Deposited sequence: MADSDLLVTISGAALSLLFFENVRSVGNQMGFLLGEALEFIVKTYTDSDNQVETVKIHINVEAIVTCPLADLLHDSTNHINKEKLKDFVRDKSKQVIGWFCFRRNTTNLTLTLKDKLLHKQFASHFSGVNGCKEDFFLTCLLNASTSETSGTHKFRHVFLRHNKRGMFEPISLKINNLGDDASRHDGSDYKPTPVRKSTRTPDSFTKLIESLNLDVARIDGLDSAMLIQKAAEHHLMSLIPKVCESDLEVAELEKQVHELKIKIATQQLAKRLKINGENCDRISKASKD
């Protein structure tokens, strides 16, 4: 069958963006799909997420031209999209969500893109009870089936106790763009000795990214402010013009 896999790191980042958001949030799912012989099962691993204002992608009709200008060259790795609704606790798919899933699945479907049948729609919500001491977060992955009806997909959070690779203990080879990690593996020019050199090189590279992350966050936050404040200024001006 079809399986969606994700790490705790990426999932925590998605939740981080969702909660820190002002109101409802929308964005896209980046990752990669792999096929495994066992029948033919497919694992769709989401690696990262990016937030995007829906109002900056409209002319309920999606502007495909303006959509391209946002994602840029990262269109090849878009495997889906997500919608975050703060209030309510329902996890059902509305009409707009179906119309948005359709256009998004159509736009990113291609030879270099992802398969249209396997395009993802992630629903997320965050309700709270009386006194607001217990916070509830529910989420689900959906796809458009052949029958024309959307269906829930199994999500597997890869962790220390269990992961999707264990379906035996051996890691089965999948059916045949180097990331920053693979390039690090190849940089060492390589049993146990290899393993120790990986974790050491990975830790040092990890600590070097920390100052690089902070400067990117501060930059995008400063720009996000200036744009928001400026649109507020023009709105008040044109309302009196």
**Asked** What ranges of the deposited sequence, counted from 1, have no C-alpha atoms in this structure?
**Response** 1-4, 43-53, 75-77, 186-187, 197-200, 215-220, 272-289
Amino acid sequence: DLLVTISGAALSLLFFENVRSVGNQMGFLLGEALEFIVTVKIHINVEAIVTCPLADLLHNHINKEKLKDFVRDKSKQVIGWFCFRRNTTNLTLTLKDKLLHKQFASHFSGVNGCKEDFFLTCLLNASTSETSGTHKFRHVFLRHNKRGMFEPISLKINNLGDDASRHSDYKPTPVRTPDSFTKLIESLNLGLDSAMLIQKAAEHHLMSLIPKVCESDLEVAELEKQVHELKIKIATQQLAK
From here on, numbers count along this sequence of modelled residues.
**Prompt:** Would 21-29 or 8-16 have the larger average of its C-alpha temperature factors, as given in the entry?
**Reply:** 21-29
**Message:** Averaging CA B factors per stretch from the PDB record, which one is higher: 177-185 or 192-200?
**Reply:** 177-185
**Prompt:** In the PDB entry, which of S154, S132, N159, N125 has its C-alpha at the highest B-factor?
**Reply:** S132
**Request:** Tell me which of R147, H107, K171, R138 tops the list for C-alpha B factor in the record.
**Result:** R147
**Chain third (lowest, middle, highest) by recorded CA B-factor, residue given as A235** = highest
**Chain third (lowest, middle, highest) by recorded CA B-factor, residue given as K41** = middle
**Chain-wide C-alpha B factor ranking for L91, given as lowest, middle or highest third** = highest
**Fill in**
Entry-reported C-alpha B-factor of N63 relative to its chain, by third, is highest
**Record-listed C-alpha B factor of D117: chain third** = middle
